[PDB]
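Have a look at the structure below, then the notes.
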Amino acid sequence: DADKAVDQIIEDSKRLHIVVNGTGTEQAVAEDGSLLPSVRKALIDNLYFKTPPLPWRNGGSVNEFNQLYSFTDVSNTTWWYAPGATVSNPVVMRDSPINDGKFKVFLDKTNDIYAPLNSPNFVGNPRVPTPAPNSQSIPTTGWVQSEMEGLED
Amino acid sequence: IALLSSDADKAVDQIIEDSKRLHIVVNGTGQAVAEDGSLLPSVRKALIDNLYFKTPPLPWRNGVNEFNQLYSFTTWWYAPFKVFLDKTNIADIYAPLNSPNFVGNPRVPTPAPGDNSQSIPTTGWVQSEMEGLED
Amino acid sequence: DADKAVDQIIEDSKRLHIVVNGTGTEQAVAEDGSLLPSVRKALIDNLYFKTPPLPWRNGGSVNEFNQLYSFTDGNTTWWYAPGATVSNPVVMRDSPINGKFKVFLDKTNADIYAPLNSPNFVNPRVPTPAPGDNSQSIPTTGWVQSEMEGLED
Amino acid sequence: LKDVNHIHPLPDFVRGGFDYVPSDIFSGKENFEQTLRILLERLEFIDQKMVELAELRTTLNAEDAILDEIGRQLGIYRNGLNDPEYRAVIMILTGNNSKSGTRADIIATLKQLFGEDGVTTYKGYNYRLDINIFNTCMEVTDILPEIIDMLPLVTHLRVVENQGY
Amino acid sequence: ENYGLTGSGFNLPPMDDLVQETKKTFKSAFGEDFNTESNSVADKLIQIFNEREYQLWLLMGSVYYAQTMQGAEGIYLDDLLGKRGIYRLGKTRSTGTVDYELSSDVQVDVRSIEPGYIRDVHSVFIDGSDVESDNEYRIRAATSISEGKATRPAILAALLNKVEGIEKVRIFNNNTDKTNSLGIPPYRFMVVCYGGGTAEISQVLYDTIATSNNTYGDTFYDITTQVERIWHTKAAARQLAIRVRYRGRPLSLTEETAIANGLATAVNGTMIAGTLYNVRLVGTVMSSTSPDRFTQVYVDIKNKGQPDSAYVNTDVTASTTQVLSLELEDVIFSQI
Amino acid sequence: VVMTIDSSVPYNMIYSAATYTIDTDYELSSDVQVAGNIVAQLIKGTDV
Numbered sequence: 014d015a016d017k018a019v020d021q022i023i024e025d026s027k028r029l030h031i032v033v034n035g036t037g038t039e040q041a042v043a044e045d046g047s048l049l050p051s052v053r054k055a056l057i058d059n060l061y062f063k064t065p066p067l068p069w070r071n072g073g074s075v076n077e078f079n080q081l082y083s084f085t086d087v088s090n091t092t093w094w095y096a097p098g099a100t101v102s103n104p105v106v107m108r109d110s111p112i113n114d115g116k117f118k119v120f121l122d123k124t125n128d129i130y131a132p133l134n135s136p137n138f139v140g141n142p143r144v145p146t147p148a149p152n153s154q155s156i157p158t159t160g161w162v163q164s165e166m167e168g169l170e171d
Numbered sequence: 008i009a010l011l012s013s014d015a016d017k018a019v020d021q022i023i024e025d026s027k028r029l030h031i032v033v034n035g036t037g040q041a042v043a044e045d046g047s048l049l050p051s052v053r054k055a056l057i058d059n060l061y062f063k064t065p066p067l068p069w070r071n072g075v076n077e078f079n080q081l082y083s084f085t092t093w094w095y096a097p117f118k119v120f121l122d123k124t125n126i127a128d129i130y131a132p133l134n135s136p137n138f139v140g141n142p143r144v145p146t147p148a149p150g151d152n153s154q155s156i157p158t159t160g161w162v163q164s165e166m167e168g169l170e171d
Numbered sequence: 014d015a016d017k018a019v020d021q022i023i024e025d026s027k028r029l030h031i032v033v034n035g036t037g038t039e040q041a042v043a044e045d046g047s048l049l050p051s052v053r054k055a056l057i058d059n060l061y062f063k064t065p066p067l068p069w070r071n072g073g074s075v076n077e078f079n080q081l082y083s084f085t086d089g090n091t092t093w094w095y096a097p098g099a100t101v102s103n104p105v106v107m108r109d110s111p112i113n115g116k117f118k119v120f121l122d123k124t125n127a128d129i130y131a132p133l134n135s136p137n138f139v141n142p143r144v145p146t147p148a149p150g151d152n153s154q155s156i157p158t159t160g161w162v163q164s165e166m167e168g169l170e171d
Numbered sequence: 007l008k009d010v011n012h013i014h015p016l017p018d019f020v021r022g023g024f025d026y027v028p029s030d031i032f033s034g035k036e037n038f039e040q041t042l043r044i045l046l047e048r049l050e051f052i053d054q055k056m057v058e059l060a061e062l063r064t065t066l067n068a069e070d071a072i073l074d075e076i077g078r079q080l081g082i083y084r085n086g087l088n089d090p091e092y093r094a095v096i097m098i099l100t101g102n103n104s105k106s107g108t109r110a111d112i113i114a115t116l117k118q119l120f121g122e123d124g125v126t127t128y129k130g131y132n133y134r135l136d137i138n139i140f141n142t143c144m145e146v147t148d149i150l151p152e153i154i155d156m157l158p159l160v161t162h163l164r165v166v167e168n169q170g171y
Numbered sequence: 003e004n005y006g007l008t009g010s011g012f013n014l015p016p017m018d019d020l021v022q023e024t025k026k027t028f029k030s031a032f033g034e035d036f037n038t039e040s041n042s043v044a045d046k047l048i049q050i051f052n053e054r055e056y057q058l059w060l061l062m063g064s065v066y067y068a069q070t071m072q073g074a075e076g077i078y079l080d081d082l083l084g085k086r087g088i089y090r091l092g093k094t095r096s097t098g099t100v124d125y126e127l128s129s130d131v132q133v244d245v246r247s248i249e250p251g252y253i255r256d257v258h259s260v279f280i281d282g283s284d285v286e287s288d289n290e291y292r293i294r295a296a297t298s299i300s301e302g303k304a305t306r307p308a309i310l311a312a313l314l315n316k317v318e319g320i321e322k323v324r325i326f327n328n329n330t331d332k333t334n335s336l337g338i339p340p341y342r343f344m345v346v347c348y349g350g351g352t353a354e355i356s357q358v359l360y361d362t363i364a365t366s367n368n369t370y371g372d373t374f375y376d377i378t379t383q384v385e386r387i388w389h390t391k392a393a394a395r396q397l398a399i400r401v402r403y404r405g406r407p408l409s410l411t412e413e414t415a416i417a418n419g420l421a422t423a424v425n426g427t428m429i430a431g432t433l434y435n436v437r438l439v440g441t442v443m444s445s446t447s448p449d450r451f452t453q454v455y456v457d458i459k460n461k462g463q464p465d466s467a468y469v470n471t472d473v474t475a476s477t478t479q480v481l482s483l484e485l486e487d488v489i490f491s492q493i
Numbered sequence: 100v101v102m103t104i105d106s107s108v109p110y111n112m113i114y115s116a117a118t119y120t121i122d123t124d125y126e127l128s129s130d131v132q133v134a135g136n137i138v139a140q141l142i143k144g145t146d149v
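In structure tokens form, the structure reads like this:
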């Protein structure tokens, strides 16, 4: 009757497999009917979901600690979040976060997509102005051929 | 027959401890220890120790004792001077490493003679290279 | 049958082990083509640190993946090394500008990435264009030789 | 209440010896402890391997690389046998030295190779004997030569193998 | 992990390595900037502890090697074969026929008084036998002993232990309905032996065969407890001769003795009605002496008295009632 | 001595003998060229 144990093992393996490899989000179902989150689902908490922040308001409240909000001053734009924001303790909204230390500003990480000045490793199709027919400037594919084009003769 | 399982436990237990660490990190309180002995703070703790700036900026005077208080001038500033909030984009001035379109006079360090690789040649390197075959 | 279920279990286990542990400068490989980041990534990946900056020191060795060290010359910049642990420390050399160290981002710092106009580089590389291209794309050192080769014969 | 076999890894070896620090004079200094721990923990590895040097040499768990040595002392050479059944033949031949080939006795030896219900034996009038197999876990042709040896000098034997009843 | 018993063998770490990781782990607890170079106080301390620890590995390796068959020497040899339930012999005494004394009372045999080695010639007896040395002790271990009965190994075991003067034995079985190729009547088995008595082996056989007298053979001898009889046969009946040809560096005189006597063991050990393989004979010569001494080798076999032209290199077998034997005045060495 | 080098260092680059010191009392024996002196290599993961 070890076939019975082998059975349960067989689909427990599959549940575990989907949980580990649950794409960005998968909801494995246990025998109790509860719902288990993929690893990448569990990783949303750090991921700090920067969708276009909900525009700043006066009134209303913030329920998610890691959600951002968009605010504009009389002059600049900033994104704000209240780490203390939680369910059963939402952060009441206010006129401006600059005196609402519940809220704090946030920045952007991605510089990543830009070539550093030191030994960058470009991809795709870089281009430059065809240099003078020289010395230190970067030549183009046509520039070289045009330079050599007169030489074959 | 299926008694290869004698190797499965060394993974099953290990994933048990890994799940335990996952749970403590995600659902911890204002830590976790990896097999390397280094610490992993739980989210509700990581939210505390990170860099927070003082939100009200101060007027500028070019006078200077804190790296965490902002100053205003006319733009926000701080002393690690370094500006904090200008109004200009970055993507408009800095070339992406993918499919850039440079303008003006780009320069690179001239490679060694005879290099046959993916490095970039210089106009004054190829032009030197031409004369060798000319002779 | 059942051996393949066990194989799934063991591969999932080693994947989960690497993901939970990771190295800060590391990302795991999922069964599908996607790659899974480690916790040491996700934390520093979005933004996280220990607030009180610490002075740089030539005789110091770092062992913590999330702390900022203030280098100075009074040009002060803050640095970190994701691949730093108690098990794998890293030595503060004379200057951080020389490996695992990375500088904290600022809207001034930028200031190390090549600007769109007339940038100076210090071993850049580009994909090799197809032979016979006359466009303004940038040729490689080999591409030049690959084309000069037809010339000689 | 206690195991007779005293060959076991010493329980909590590391914390012992540390118990011999006289009056906590050095405890909490984090400089002497590491030096002592680094040295003691080396003995941990050696202490652990002292067991396998004795545990693994038993015929039950001996791997093929050394099981041959055990068989060599007894004259049972590997020939073409593989590890899982090479263990079986070693047991069968050794057990034959205290046997008499009785009906009750024969059932006992076959019992170790096919579980509880995996084997049955019919008997015939004129020296005929039959062996039935239901749950074989190893290939039987290579084991067959021994199955003849532990039978009377004049047995007439048939062998039939099948899965299940 | 690569240290100790590993199935493929036993691995012993050298002195140098143990220091290397000990310093490495020791360095890990205090950083790179920690003097550990030669003659440093820290290094001196490390060496003392590792040397004391190293002996433990060496002791373990010696224990494992001491218990293997190849490394068995002296007393350690006695323990290993003792585990099998047999022990080396001691001072043995001579037996004669009508310094010495009578073995028992006589009326209308001979036993030596001295405890051992020993007045041993015709018309003025088993001499020697002081201590049973390891080489023959290993040989004597080749036998087997068991209390079983009615089974083929049991019959062989009992005969070699009880029947005096027995040297070889084999059994042929015909467990079918119709006479085999050897003419054995159906549902009967035959026992053939070399040496030994006739009215004693029957006694031994009676105590160990099943309660169904299935014996068959050339000669019979009745026994009683009810009366029945037991059958058996005797083979003897062959002596061989050998020649060897080789190319290379001549083998002096001592090696030929080492080669010659070694061959006599392999040929002699053959079973009753066995077969000799020319390849096996060659292998013995390559192993009874150090390799790298010959470029070619051949062996030729013929029966005693046959003409030299009768030498052959093909494999040879023996009839049912023949036993292969080899002696000296044989093994003609030669250089091609 | 041996040292690992980043993937990006070109083959033809040559180290100047008289512009380096290994440690407080060691220097290069002579000029060294990267090409022709590879002793070991490691390739992993990121490399169609």
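Residue numbers (PDB author numbering), protein chains in the order written: chain h, 14 to 88, 90 to 125, 128 to 149, 152 to 171; chain g, 8 to 37, 40 to 72, 75 to 85, 92 to 97, 117 to 171; chain i, 14 to 86, 89 to 113, 115 to 125, 127 to 139, 141 to 171; chain P, 7 to 171; chain U, 3 to 100, 124 to 133, 244 to 253, 255 to 260, 279 to 379, 383 to 493; chain S, 100 to 146, 149.
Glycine residues also receive a C-beta, built at the ideal position from the N, C-alpha and C atoms.
- The CB of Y171 (chain P) never comes closer than 9 Å to any CB in chain U; the least such distance is about 29 Å.
- In this structure, the beta-carbon distance from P136 (chain g) to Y130 (chain h) does not fall below 7 Å.
- Taking 4 residues as the minimum length, the alpha helix (DSSP H) runs contained wholly in the stretch 109 to 133 of chain P are 109 to 117, in order along the chain.
- Straight-line spacing of the CA atoms in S164 (chain i) and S155 (chain g) works out to 14 Å.
- Scanning its chain for C-beta atoms nearer than 7 Å, with the 5 sequence neighbours on each side dropped, one finds no residue around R294 (chain U).
- For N52 (chain U) and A43 (chain g), the gap between their C-alpha atoms comes out near 30 Å.
- Residues of the same chain with a CB within less than 8 Å of the CB of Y61 (chain i), apart from the 5 flanking positions on each side, are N79 in chain order.
- A residue is called buried when at least 16 other Cβ atoms come within 10 angstroms of its Cβ; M428 (chain U) does not meet this threshold and is exposed.
- Taking the Cα of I320 (chain U) as reference, the smallest distance to any Cα among U:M344, U:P16, U:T305, U:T352 is reached at U:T352.
- Non-local C-beta neighbours of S300 (chain U) in its own chain, meaning closer than 7 Å and more than five positions away in sequence, comprise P307, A308, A311, ordered along the chain.
- Any Cβ of chain i closer than 7 Å to the Cβ of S129 (chain S) would place that residue at the interface, and such an atom is absent.
- Using a Cβ-Cβ cut-off of 8 Å, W69 (chain i) is close to nothing in chain g; its nearest Cβ partner there is about 12 Å away.
- Flagged as an interface residue toward chain g: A15 (chain i), by a C-beta distance shorter than 7 Å.
- Within a 10 Å sphere around the beta-carbon of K332 (chain U) sit fewer than 16 other beta-carbons, which makes this residue exposed.
- Straight across, the Cα-Cα distance linking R28 (chain i) with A18 (chain g) is about 11 Å.
- If you draw a 10 Å sphere on the C-beta of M62 (chain U), you find 16 or more other C-beta atoms in it, and that means buried.
- Contact of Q163 (chain g) with chain h by beta-carbon distance below 9 Å involves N152, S153, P157, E165.
- Taking a Cβ-Cβ threshold of 7 Å, none of the residues of chain U is close to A110 (chain P); the smallest such distance is about 14 Å.
- The continuous beta strand (DSSP E) containing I458 (chain U) extends over residues 451 to 460.
- With at least 16 other beta carbons inside 10 angstroms of its own, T159 (chain i) counts as buried.
- For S74 (chain i), the C-beta contacts it makes with chain U under 9 Å involve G33, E34, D35, in order along the chain.
- Here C347 (chain U) is buried, its C-beta having at least 16 other C-beta atoms within 10 Å.
- Listed as beta-bridge partners of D122 (chain S) by DSSP are S:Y125.
- For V245 (chain U), the enclosing beta strand (DSSP E) stretches over residues 245 to 247.
- Taking all protein chains in view, the Cβ of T161 (chain P) is crowded by 16 or more other Cβ atoms within 10 Å, so the residue is classified as buried.
- Ranked by Cα distance from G73 (chain h), the options h:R143, h:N103, h:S88, h:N90 are led by h:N103.
- Apart from sequence neighbours up to five positions away, the residues of its chain that approach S491 (chain U) with a beta-carbon distance below 6 Å are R402, ordered along the chain.
- The alpha-carbon separation between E170 (chain g) and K123 (chain i) amounts to approximately 50 Å.
- For a cut-off of 8 Å, the C-beta gap from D81 (chain U) to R90 (chain U) is around 11 Å, too long to register as a contact.
- With its beta carbon at least 7 Å from every one in chain U, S33 (chain P) lies outside the interface.
- Only those residues of the stretch 52 to 65 of chain U whose C-beta falls short of 9 Å from the nearest C-beta of chain P are listed: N52, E55, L58, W59, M62, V65.
- Shown here, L485 (chain U) sits in coil according to DSSP, grouped into three states, outside any helix or strand.
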